[PDB]
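Undergrad: The following block contains the structure, expressed as structure tokens.
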Amino acid sequence: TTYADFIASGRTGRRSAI
Amino acid sequence: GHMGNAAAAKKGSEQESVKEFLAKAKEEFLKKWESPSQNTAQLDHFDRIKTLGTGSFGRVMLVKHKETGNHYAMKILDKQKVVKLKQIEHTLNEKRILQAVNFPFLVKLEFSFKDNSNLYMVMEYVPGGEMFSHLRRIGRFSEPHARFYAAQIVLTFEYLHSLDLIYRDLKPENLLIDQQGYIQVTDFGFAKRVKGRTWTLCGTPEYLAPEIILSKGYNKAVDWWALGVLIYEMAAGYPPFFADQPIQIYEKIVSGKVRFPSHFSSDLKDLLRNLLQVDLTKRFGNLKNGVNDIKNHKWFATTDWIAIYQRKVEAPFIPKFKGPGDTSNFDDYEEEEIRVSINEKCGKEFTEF
Ligand SMILES: O=S(=O)(c1cccc2cnccc12)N1CCCNCC1
């Protein structure tokens, strides 16, 4: 599922600027 | 047509009143922009309480003013570290913006000052913490809840853009929730006065507009793209474009394809397709009718823009608040010293602060 894909991305926490 | 006479007249009048408000607000901004305030307090006026945030951006600490007992959030920058990281202009510009703007959803700089070692911005303490935390906890916001926040961002960008300020740093991590449940925007390190185009690669991967990824000159329409990302993420619980690595995110952003959860309303999908529009000639917020294409969209049909601005709408969520210094909506961090050297550092660089 999309949610599971989000979890799998490893980008569920705070995201830094580039 | 879509509006009868009374509704059309009311909308027209409302839109003209926005123009009149913005013209006055620009006059007031430019006076403070040209004559910035400096040196309105000092460190020993405050007790240090707790670190509220820390990163390459510096530190933000909860402080208490000794005489009033009022709490504030004090951003502390190490002058030598700012110079080393080549952030002089961003640091000066952030403070210059914050002391010049005035809007109910932009954090207020109450005091600023510097000493031999550090720069200090003393802002109102916004006790509800980051939207990010609440969003990840609750999972996703219902559409009315997302809409309440989105409307505040629309008005804030309408204000900022009228001042020729591009924001560039929108994401839930950068939106705080106040004691009344309303939004506060605090971070202005990426903001820039831009009447036309600008070129810097800056932002956060999930929130980057395609034209930034593609190394184009770009304009305030990147903020409207980012609003689309934000609304999507608030309503879905995850952003529209994600992947293991930034390069894969960028490929999805530029593709012109976006998918939606089955629970999104058709009105929401239509708004998002028009914000998350890769074609700049078609993106809402970048057309002849400007912000009005957003404000007049069906998804916002229930939004009383003046009532939001006046903070007269009951918020969907009030963060827990135990007292003036409660920090329970922020994370815990190791507490480091605030060293002040006997010798002034980087004085010339920071004359304007
Ligand atoms: O929450 S902060 O520490 C913060 C900053 C400025 C004013 C604040 C006011 N109250 C609480 C926290 C505050 N923060 C730092 C950068 C990350 N994005 C959100 C702003």
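Please note that chains go A, B, ... in the order of the structure tokens, that every chain numbers its residues from 1, and that ligands are numbered from 1 in the order shown.
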Can you list every residue of chain B that has an atom at most 12 Å from chain A, with its nearest atom pair and the distance in Å to one decimal, using only C-alpha atoms, ordered by chain then number, as a tab-separated table?
TA:
residue	atom	partner	partner_atom	distance
B:55	CA	A:16	CA	9.6
B:56	CA	A:16	CA	9.7
B:57	CA	A:17	CA	10.4
B:130	CA	A:14	CA	10.3
B:131	CA	A:14	CA	11.1
B:132	CA	A:14	CA	7.7
B:133	CA	A:14	CA	9.0
B:135	CA	A:12	CA	11.0
B:136	CA	A:12	CA	8.3
B:137	CA	A:12	CA	11.5
B:139	CA	A:3	CA	10.4
B:140	CA	A:3	CA	11.3
B:168	CA	A:17	CA	10.5
B:169	CA	A:17	CA	8.4
B:170	CA	A:17	CA	10.6
B:171	CA	A:15	CA	8.9
B:172	CA	A:14	CA	8.9
B:173	CA	A:14	CA	6.5
B:174	CA	A:14	CA	9.9
B:189	CA	A:17	CA	11.1
B:190	CA	A:17	CA	10.0
B:200	CA	A:18	CA	11.4
B:201	CA	A:18	CA	8.2
B:202	CA	A:18	CA	6.3
B:203	CA	A:17	CA	5.2
B:204	CA	A:17	CA	4.3
B:205	CA	A:18	CA	6.9
B:206	CA	A:15	CA	8.6
B:207	CA	A:17	CA	9.7
B:208	CA	A:18	CA	9.9
B:212	CA	A:18	CA	11.9
B:213	CA	A:18	CA	11.2
B:233	CA	A:6	CA	11.4
B:236	CA	A:3	CA	9.0
B:237	CA	A:3	CA	8.3
B:238	CA	A:6	CA	6.8
B:239	CA	A:6	CA	8.6
B:240	CA	A:2	CA	9.9
B:241	CA	A:6	CA	9.5
B:242	CA	A:6	CA	6.9
B:243	CA	A:9	CA	5.1
B:244	CA	A:9	CA	4.3
B:245	CA	A:9	CA	7.8
B:246	CA	A:18	CA	9.3
B:247	CA	A:18	CA	11.6
B:248	CA	A:9	CA	10.6
B:249	CA	A:9	CA	10.2
B:259	CA	A:2	CA	9.5
B:260	CA	A:2	CA	9.4
B:261	CA	A:2	CA	8.3
B:262	CA	A:2	CA	11.1
B:331	CA	A:14	CA	11.9
Undergrad: To check your reading of the model: which residues sit at most 7 Å from ligand 1 when counting only C-alpha atoms and all ligand atoms? Write the answer as a VMD selection string.
TA: chain B and resid 52 to 54 60 72 to 73 75 107 123 to 127 129 to 130 173 to 176 186 to 187
Undergrad: Those same residues - N, CA and C atoms - I'd like them written as a short mmCIF file (atom, residue, chain, number, x, y, z; two decimals), in the first residue's frame.
TA:
data_model
loop_
_atom_site.label_atom_id
_atom_site.label_comp_id
_atom_site.auth_asym_id
_atom_site.auth_seq_id
_atom_site.Cartn_x
_atom_site.Cartn_y
_atom_site.Cartn_z
N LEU B 52 14.76 23.81 23.05
CA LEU B 52 13.58 23.43 22.28
C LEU B 52 13.92 22.83 20.93
N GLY B 53 15.07 23.20 20.36
CA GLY B 53 15.52 22.63 19.10
C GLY B 53 16.98 22.91 18.88
N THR B 54 17.63 22.05 18.10
CA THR B 54 19.05 22.21 17.86
C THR B 54 19.38 21.56 16.54
N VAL B 60 17.58 26.76 19.51
CA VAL B 60 16.48 27.56 20.05
C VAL B 60 16.21 27.11 21.48
N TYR B 72 9.84 32.98 26.35
CA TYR B 72 10.15 33.27 24.96
C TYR B 72 10.99 32.13 24.40
N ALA B 73 11.07 32.08 23.08
CA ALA B 73 11.95 31.15 22.39
C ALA B 73 13.12 31.93 21.83
N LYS B 75 16.47 32.00 19.75
CA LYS B 75 17.39 31.40 18.78
C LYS B 75 18.79 31.97 19.00
N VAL B 107 5.71 34.49 13.28
CA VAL B 107 6.18 34.62 14.65
C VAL B 107 6.70 36.02 14.88
N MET B 123 11.98 35.38 20.29
CA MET B 123 10.69 35.31 19.63
C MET B 123 9.64 34.88 20.64
N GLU B 124 8.39 35.16 20.34
CA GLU B 124 7.31 34.59 21.13
C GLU B 124 7.50 33.08 21.22
N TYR B 125 7.21 32.54 22.39
CA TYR B 125 7.21 31.09 22.57
C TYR B 125 5.88 30.55 22.05
N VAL B 126 5.97 29.59 21.13
CA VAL B 126 4.81 28.95 20.53
C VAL B 126 4.75 27.56 21.13
N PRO B 127 3.86 27.34 22.09
CA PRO B 127 4.00 26.16 22.96
C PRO B 127 3.49 24.85 22.36
N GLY B 129 4.28 23.18 19.72
CA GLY B 129 5.22 22.36 18.98
C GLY B 129 4.92 22.36 17.49
N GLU B 130 5.67 21.51 16.77
CA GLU B 130 5.59 21.43 15.33
C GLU B 130 4.34 20.70 14.88
N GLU B 173 7.45 20.37 9.54
CA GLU B 173 8.50 20.57 10.52
C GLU B 173 8.73 22.03 10.81
N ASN B 174 8.28 22.92 9.92
CA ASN B 174 8.53 24.35 10.05
C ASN B 174 7.27 25.13 10.35
N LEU B 175 6.21 24.47 10.80
CA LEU B 175 4.98 25.14 11.20
C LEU B 175 4.69 24.77 12.64
N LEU B 176 4.56 25.78 13.50
CA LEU B 176 4.25 25.54 14.90
C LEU B 176 2.77 25.81 15.15
N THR B 186 7.97 30.40 11.48
CA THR B 186 9.09 30.96 12.25
C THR B 186 10.40 31.09 11.47
N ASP B 187 10.64 30.24 10.47
CA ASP B 187 11.96 30.07 9.88
C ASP B 187 12.06 30.88 8.59
#
Undergrad: May I have all residues of stretch 101-347 of chain B that DSSP, computed from the backbone, assigns to alpha helix (DSSP H), given as a short mmCIF file (atom, residue, chain, number, x, y, z; two decimals) with N, CA and C atoms, in the first residue's frame?
TA:
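Wrote part-v4.cif, looks like this:
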data_model
loop_
_atom_site.label_atom_id
_atom_site.label_comp_id
_atom_site.auth_asym_id
_atom_site.auth_seq_id
_atom_site.Cartn_x
_atom_site.Cartn_y
_atom_site.Cartn_z
N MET B 131 3.73 21.20 13.81
CA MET B 131 2.67 20.45 13.15
C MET B 131 3.12 19.03 12.88
N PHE B 132 4.39 18.87 12.47
CA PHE B 132 4.93 17.56 12.13
C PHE B 132 4.60 16.51 13.19
N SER B 133 4.87 16.82 14.45
CA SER B 133 4.64 15.86 15.52
C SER B 133 3.18 15.45 15.57
N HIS B 134 2.28 16.44 15.56
CA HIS B 134 0.85 16.16 15.67
C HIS B 134 0.37 15.36 14.49
N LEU B 135 0.90 15.66 13.31
CA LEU B 135 0.49 14.96 12.10
C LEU B 135 0.91 13.50 12.14
N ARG B 136 2.16 13.25 12.51
CA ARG B 136 2.62 11.86 12.59
C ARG B 136 1.87 11.10 13.68
N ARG B 137 1.53 11.78 14.76
CA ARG B 137 0.81 11.14 15.87
C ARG B 137 -0.62 10.79 15.48
N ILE B 138 -1.36 11.78 14.99
CA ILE B 138 -2.77 11.56 14.64
C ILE B 138 -2.86 10.71 13.38
N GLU B 143 -10.17 16.54 6.20
CA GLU B 143 -10.13 17.67 5.30
C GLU B 143 -10.44 19.01 5.94
N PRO B 144 -11.46 19.12 6.79
CA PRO B 144 -11.70 20.43 7.41
C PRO B 144 -10.54 20.89 8.26
N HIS B 145 -9.89 19.95 8.92
CA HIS B 145 -8.75 20.27 9.78
C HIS B 145 -7.58 20.73 8.93
N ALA B 146 -7.29 19.99 7.86
CA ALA B 146 -6.24 20.40 6.94
C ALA B 146 -6.55 21.75 6.33
N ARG B 147 -7.81 21.96 5.98
CA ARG B 147 -8.23 23.21 5.35
C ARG B 147 -8.01 24.40 6.27
N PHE B 148 -8.30 24.25 7.57
CA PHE B 148 -8.08 25.31 8.52
C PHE B 148 -6.63 25.76 8.51
N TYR B 149 -5.68 24.80 8.53
CA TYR B 149 -4.27 25.17 8.44
C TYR B 149 -3.93 25.72 7.07
N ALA B 150 -4.42 25.09 6.00
CA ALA B 150 -4.07 25.52 4.66
C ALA B 150 -4.49 26.96 4.42
N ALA B 151 -5.65 27.35 4.95
CA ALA B 151 -6.12 28.71 4.75
C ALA B 151 -5.15 29.71 5.36
N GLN B 152 -4.60 29.38 6.52
CA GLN B 152 -3.62 30.26 7.15
C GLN B 152 -2.37 30.38 6.30
N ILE B 153 -1.93 29.28 5.69
CA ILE B 153 -0.78 29.37 4.79
C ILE B 153 -1.10 30.20 3.55
N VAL B 154 -2.28 30.01 2.96
CA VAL B 154 -2.66 30.82 1.80
C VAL B 154 -2.57 32.30 2.15
N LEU B 155 -3.18 32.70 3.28
CA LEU B 155 -3.14 34.12 3.65
C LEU B 155 -1.73 34.60 3.93
N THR B 156 -0.92 33.77 4.58
CA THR B 156 0.45 34.16 4.91
C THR B 156 1.28 34.34 3.65
N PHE B 157 1.13 33.43 2.68
CA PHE B 157 1.86 33.60 1.42
C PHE B 157 1.30 34.77 0.62
N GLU B 158 -0.03 34.98 0.65
CA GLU B 158 -0.57 36.17 0.01
C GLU B 158 0.10 37.43 0.55
N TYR B 159 0.25 37.49 1.87
CA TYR B 159 0.94 38.60 2.52
C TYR B 159 2.42 38.66 2.12
N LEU B 160 3.14 37.55 2.29
CA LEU B 160 4.58 37.56 1.99
C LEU B 160 4.84 37.93 0.54
N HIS B 161 4.09 37.32 -0.38
CA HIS B 161 4.32 37.58 -1.79
C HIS B 161 4.05 39.02 -2.16
N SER B 162 3.10 39.67 -1.48
CA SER B 162 2.83 41.08 -1.75
C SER B 162 4.01 41.95 -1.36
N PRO B 210 9.28 21.43 -9.25
CA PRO B 210 10.05 20.88 -10.35
C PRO B 210 11.04 21.86 -10.94
N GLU B 211 10.66 23.13 -11.05
CA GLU B 211 11.56 24.11 -11.65
C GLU B 211 12.81 24.31 -10.81
N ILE B 212 12.75 24.09 -9.50
CA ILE B 212 13.96 24.15 -8.68
C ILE B 212 14.84 22.94 -8.97
N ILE B 213 14.25 21.75 -8.97
CA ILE B 213 14.98 20.53 -9.29
C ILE B 213 15.67 20.65 -10.63
N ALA B 221 5.84 31.12 -7.50
CA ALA B 221 5.04 29.94 -7.72
C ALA B 221 5.60 28.69 -7.05
N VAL B 222 6.88 28.68 -6.66
CA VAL B 222 7.37 27.51 -5.94
C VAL B 222 6.69 27.37 -4.59
N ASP B 223 6.26 28.49 -4.00
CA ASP B 223 5.57 28.42 -2.71
C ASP B 223 4.19 27.82 -2.86
N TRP B 224 3.53 28.08 -4.00
CA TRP B 224 2.22 27.50 -4.25
C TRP B 224 2.32 26.00 -4.52
N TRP B 225 3.36 25.57 -5.23
CA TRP B 225 3.64 24.15 -5.34
C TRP B 225 3.79 23.54 -3.95
N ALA B 226 4.64 24.14 -3.13
CA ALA B 226 4.86 23.63 -1.79
C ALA B 226 3.58 23.57 -0.99
N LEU B 227 2.69 24.56 -1.15
CA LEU B 227 1.41 24.47 -0.47
C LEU B 227 0.66 23.21 -0.89
N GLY B 228 0.71 22.88 -2.18
CA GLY B 228 0.07 21.66 -2.62
C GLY B 228 0.65 20.44 -1.93
N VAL B 229 1.98 20.38 -1.81
CA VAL B 229 2.60 19.27 -1.10
C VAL B 229 2.09 19.21 0.34
N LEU B 230 2.07 20.37 1.00
CA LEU B 230 1.65 20.44 2.40
C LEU B 230 0.22 19.99 2.58
N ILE B 231 -0.68 20.48 1.73
CA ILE B 231 -2.08 20.08 1.86
C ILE B 231 -2.22 18.59 1.66
N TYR B 232 -1.55 18.08 0.63
CA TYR B 232 -1.55 16.64 0.40
C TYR B 232 -1.09 15.90 1.65
N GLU B 233 0.07 16.28 2.18
CA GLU B 233 0.62 15.54 3.31
C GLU B 233 -0.27 15.66 4.54
N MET B 234 -0.84 16.85 4.79
CA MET B 234 -1.76 16.98 5.92
C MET B 234 -2.94 16.04 5.78
N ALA B 235 -3.50 15.95 4.58
CA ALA B 235 -4.73 15.17 4.39
C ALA B 235 -4.47 13.68 4.22
N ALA B 236 -3.30 13.28 3.70
CA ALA B 236 -2.99 11.86 3.50
C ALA B 236 -2.18 11.26 4.64
N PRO B 246 16.61 10.92 -2.32
CA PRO B 246 16.16 12.14 -3.00
C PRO B 246 16.08 12.07 -4.51
N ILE B 247 17.04 11.46 -5.21
CA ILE B 247 16.99 11.47 -6.68
C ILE B 247 15.71 10.80 -7.18
N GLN B 248 15.25 9.75 -6.51
CA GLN B 248 14.00 9.11 -6.92
C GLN B 248 12.81 10.01 -6.63
N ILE B 249 12.86 10.76 -5.53
CA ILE B 249 11.81 11.73 -5.26
C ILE B 249 11.75 12.75 -6.38
N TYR B 250 12.91 13.25 -6.82
CA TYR B 250 12.95 14.29 -7.84
C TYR B 250 12.38 13.78 -9.16
N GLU B 251 12.67 12.52 -9.50
CA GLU B 251 12.10 11.95 -10.71
C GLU B 251 10.58 11.95 -10.66
N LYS B 252 10.01 11.63 -9.50
CA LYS B 252 8.56 11.63 -9.38
C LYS B 252 7.99 13.04 -9.44
N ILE B 253 8.65 14.00 -8.80
CA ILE B 253 8.19 15.39 -8.81
C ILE B 253 8.10 15.91 -10.23
N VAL B 254 9.15 15.69 -11.03
CA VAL B 254 9.16 16.27 -12.37
C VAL B 254 8.27 15.51 -13.34
N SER B 266 -13.09 14.83 -4.30
CA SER B 266 -12.80 15.31 -5.65
C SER B 266 -12.39 16.77 -5.64
N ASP B 267 -13.01 17.59 -4.78
CA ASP B 267 -12.58 18.98 -4.68
C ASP B 267 -11.12 19.07 -4.29
N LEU B 268 -10.71 18.27 -3.31
CA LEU B 268 -9.31 18.31 -2.89
C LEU B 268 -8.39 17.87 -4.02
N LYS B 269 -8.74 16.79 -4.73
CA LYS B 269 -7.88 16.34 -5.82
C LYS B 269 -7.77 17.41 -6.89
N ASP B 270 -8.88 18.10 -7.18
CA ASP B 270 -8.81 19.13 -8.22
C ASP B 270 -7.88 20.27 -7.80
N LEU B 271 -8.01 20.73 -6.56
CA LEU B 271 -7.11 21.77 -6.08
C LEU B 271 -5.66 21.31 -6.16
N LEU B 272 -5.39 20.09 -5.69
CA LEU B 272 -4.02 19.62 -5.66
C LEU B 272 -3.45 19.45 -7.06
N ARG B 273 -4.25 18.99 -8.04
CA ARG B 273 -3.74 18.88 -9.40
C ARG B 273 -3.36 20.23 -9.97
N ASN B 274 -4.06 21.29 -9.54
CA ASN B 274 -3.78 22.63 -10.01
C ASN B 274 -2.63 23.30 -9.26
N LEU B 275 -2.35 22.88 -8.00
CA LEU B 275 -1.16 23.37 -7.30
C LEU B 275 0.09 22.59 -7.70
N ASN B 292 -6.35 34.44 -6.16
CA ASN B 292 -7.78 34.26 -6.15
C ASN B 292 -8.19 32.92 -6.74
N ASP B 293 -7.38 32.33 -7.63
CA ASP B 293 -7.73 31.01 -8.15
C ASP B 293 -7.71 29.98 -7.02
N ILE B 294 -6.86 30.19 -6.02
CA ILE B 294 -6.79 29.31 -4.88
C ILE B 294 -7.92 29.62 -3.91
N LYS B 295 -8.03 30.89 -3.52
CA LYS B 295 -8.99 31.26 -2.50
C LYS B 295 -10.41 30.99 -2.93
N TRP B 305 -12.37 33.77 4.93
CA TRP B 305 -10.99 34.23 4.97
C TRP B 305 -10.78 35.31 6.02
N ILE B 306 -11.71 36.27 6.13
CA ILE B 306 -11.57 37.31 7.15
C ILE B 306 -11.64 36.71 8.55
N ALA B 307 -12.53 35.75 8.76
CA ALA B 307 -12.64 35.15 10.07
C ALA B 307 -11.37 34.39 10.45
N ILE B 308 -10.74 33.71 9.48
CA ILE B 308 -9.45 33.07 9.75
C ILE B 308 -8.41 34.12 10.14
N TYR B 309 -8.31 35.19 9.35
CA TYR B 309 -7.35 36.25 9.63
C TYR B 309 -7.58 36.84 11.01
#
Undergrad: Atom CA of residue B:302 and atom CA of residue B:14 are how many Å apart?
TA: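 Atom CA of residue B:302 sits 15.1 Å away from atom CA of residue B:14.
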Undergrad: Return as a VMD selection string the full set of residues in stretch 121-226 of chain B whose backbone-based DSSP assignment is strand (DSSP E or B).
TA: chain B and resid 121 to 124 130 165 to 166 175 to 177 183 to 185 192 to 193 198 218
Undergrad: Using C-alpha atoms, can you export the residues from the last selection as a PDB file, in the first residue's frame?
TA:
ATOM      1  CA  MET B 121      16.623  36.377  18.347  1.00  0.00           C
ATOM      2  CA  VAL B 122      14.008  36.359  21.103  1.00  0.00           C
ATOM      3  CA  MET B 123      10.693  35.311  19.631  1.00  0.00           C
ATOM      4  CA  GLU B 124       7.310  34.591  21.126  1.00  0.00           C
ATOM      5  CA  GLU B 130       5.586  21.431  15.329  1.00  0.00           C
ATOM      6  CA  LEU B 165       9.186  37.735  -0.254  1.00  0.00           C
ATOM      7  CA  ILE B 166       9.499  34.153  -1.463  1.00  0.00           C
ATOM      8  CA  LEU B 175       4.978  25.136  11.197  1.00  0.00           C
ATOM      9  CA  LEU B 176       4.250  25.540  14.904  1.00  0.00           C
ATOM     10  CA  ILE B 177       0.852  25.363  16.599  1.00  0.00           C
ATOM     11  CA  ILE B 183      -0.265  28.306  12.834  1.00  0.00           C
ATOM     12  CA  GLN B 184       2.974  30.150  13.398  1.00  0.00           C
ATOM     13  CA  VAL B 185       5.634  30.391  10.682  1.00  0.00           C
ATOM     14  CA  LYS B 192      14.367  36.198  -0.090  1.00  0.00           C
ATOM     15  CA  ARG B 193      13.131  39.447  -1.518  1.00  0.00           C
ATOM     16  CA  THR B 198      15.832  33.711  -8.394  1.00  0.00           C
ATOM     17  CA  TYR B 218      12.023  30.399 -10.606  1.00  0.00           C
TER      18      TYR B 218
END
Undergrad: Point out the residue among B:120, B:333, B:29, B:264 with the least atom-to-atom distance to residue B:97, counting only C-alpha atoms.
TA: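 Using only C-alpha atoms, the shortest distance to residue B:97 belongs to B:29.
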